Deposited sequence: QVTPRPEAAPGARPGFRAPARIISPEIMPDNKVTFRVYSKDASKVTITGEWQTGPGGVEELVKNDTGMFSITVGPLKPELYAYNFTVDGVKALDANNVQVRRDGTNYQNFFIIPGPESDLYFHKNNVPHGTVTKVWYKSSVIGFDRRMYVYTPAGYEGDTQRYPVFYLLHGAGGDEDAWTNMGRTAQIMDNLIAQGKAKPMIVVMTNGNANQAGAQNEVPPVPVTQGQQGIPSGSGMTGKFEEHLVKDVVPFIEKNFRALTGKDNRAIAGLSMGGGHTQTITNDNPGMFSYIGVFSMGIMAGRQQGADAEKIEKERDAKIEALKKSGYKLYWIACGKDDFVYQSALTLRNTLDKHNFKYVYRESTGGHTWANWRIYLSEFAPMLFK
């Protein structure tokens, strides 16, 4: 049985076989709000099927519901994990999705799942580190890009949900982004690592990124250093982390990205940190947000605050909302801007 079967016109057919099931539906990311879940059709020999689309090029996650129970597609080996939420996925080929594929003619960088001591948090933690193709067997040193996830995620999320390794492999091989080290931390100070592999064990995360993570990377990888060789970005909660880290350490990062995130003694303190950051010598402050994201007005408030300080930034407004589809797009556009 072939499922999903992607046709040349970018329609997709899904199939589930059961003579004993009475109802099979599909939940998928192509489905709009009003529409919702779609029902498969049962043929007389027990095969359920539905054909959707045509779909625009993109990565789409989906799963089934069989007689009220969630079920994955047993004939699709592609499975992602979002915290505790497992789903299948597939990628419609095309211009908009081309960076998300693993290509066989493309040199591939290493993904390292490494543990490090944290003086701030008080126990060892795990992070993922991506190094560019050819890092092994060479003397060259590389700039570093710290990439932060949002609430409910972990250090596995940007590679698993966000296709960071494929995007970076493809951008670098194509000459569109400089070879770089990408450091993906666990942003939940109470965790040691991702909940699917690590059972359980206020500024702690942010402080420990600067005091624990950055020194560890610079000691144990061939990293260029200084703000001009250092980038940081994050989505939602991690976009808040990004602001806090950079506001509290002006002059430490020259490339700053805030994805899908926005904003009297203390009100002066924030103005003062903006002014110190304004004069730090950064090269790029990049704010990206979906028009329909619930945080839209808060990001507009941030943009207006920066305007009032004559703080130079770049704003990328996109369609859609608070989704990994947009965060893949933001990574795809931000990385080619770095270290140039």
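According to the record, no C-alpha positions are given for deposited positions 1-21, 223-237, 300-309, numbered from 1.
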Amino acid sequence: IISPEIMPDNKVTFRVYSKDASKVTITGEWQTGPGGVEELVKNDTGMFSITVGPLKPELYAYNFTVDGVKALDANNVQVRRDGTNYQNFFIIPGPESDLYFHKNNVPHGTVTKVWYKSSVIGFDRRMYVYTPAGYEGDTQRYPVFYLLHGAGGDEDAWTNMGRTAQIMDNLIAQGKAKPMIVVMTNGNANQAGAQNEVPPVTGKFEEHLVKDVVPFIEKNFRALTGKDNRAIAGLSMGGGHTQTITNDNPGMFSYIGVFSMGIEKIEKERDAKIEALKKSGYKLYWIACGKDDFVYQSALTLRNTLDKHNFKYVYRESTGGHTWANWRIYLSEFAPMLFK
From here on, numbers count along this sequence of modelled residues.
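Averaged over their C-alpha atoms, the temperature factors of 167-175 and 192-200 are higher for 192-200. Taking the mean C-alpha B-factor of each stretch as recorded, 11-19 and 321-329 are not equal, and the higher mean is that of 11-19. Note on the listed residues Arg125, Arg80, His102, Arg270: the highest Cα temperature factor in the record is that of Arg270. Looking only at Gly290, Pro57, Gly28, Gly35, the residue with the top Cα B factor in the deposited structure is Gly35. Sort the modelled residues of the chain by CA B factor and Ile245 lands in the middle third. For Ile2, the recorded CA temperature factor ranks within the highest third of the chain's modelled residues.
Sort the modelled residues of the chain by CA B factor and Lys283 lands in the lowest third. Compared with the other modelled residues of the chain, the Cα B-factor recorded for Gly187 ranks in the middle third. The entry lists a Cα temperature factor for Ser260 that places it in the middle third of the chain's modelled residues.
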